[PDB]
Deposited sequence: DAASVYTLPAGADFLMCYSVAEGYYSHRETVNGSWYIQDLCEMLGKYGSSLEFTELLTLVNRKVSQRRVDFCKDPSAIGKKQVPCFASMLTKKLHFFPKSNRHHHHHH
């Protein structure tokens, strides 16, 4: 895997017809908390959500501050 190219990069890695475990869980979480939680907090919720399915996703951060998507 490739790891952040430089400052303020975040890489999010994943590892049926209705999609894939990771994106589904990633998306559910964005819809539920994207607009309030810190993004890595959120991703960490994605890690937990996925590891119960029956794979672990991962994220690699070169972020230098807290990231939030509050409604604009």
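> Could you spell out the stretches of the deposited sequence that were left without C-alpha coordinates, going in sequence order?
Missing from the model are residues 1-5, 21-29, 69-81, 100-108.
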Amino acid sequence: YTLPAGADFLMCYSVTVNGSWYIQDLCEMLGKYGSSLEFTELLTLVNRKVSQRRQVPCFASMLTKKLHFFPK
From here on, numbers count along this sequence of modelled residues.
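For the two forms, the rigid core is made up of the largest set of C-alpha atoms that agree within 1.5 Å on superposition.
> Between 58-66 and 16-24, where do the CA atoms move more in 4 other deposited structures of this protein, taking the root mean square over the structures and residues after a core fit?
So, of the two stretches, the farther one in 4 other deposited structures of this protein is 16-24.
> If you average the CA temperature factors over each stretch, which comes out higher, 63-71 or 1-9?
Between 1-9 and 63-71, it is 1-9 that shows the higher mean C-alpha B-factor.
> Averaging the C-alpha B factors as listed in the entry, name the stretch that ends up higher: 45-53 or 21-29.
The deposited B-factors put 45-53 ahead on the C-alpha mean.
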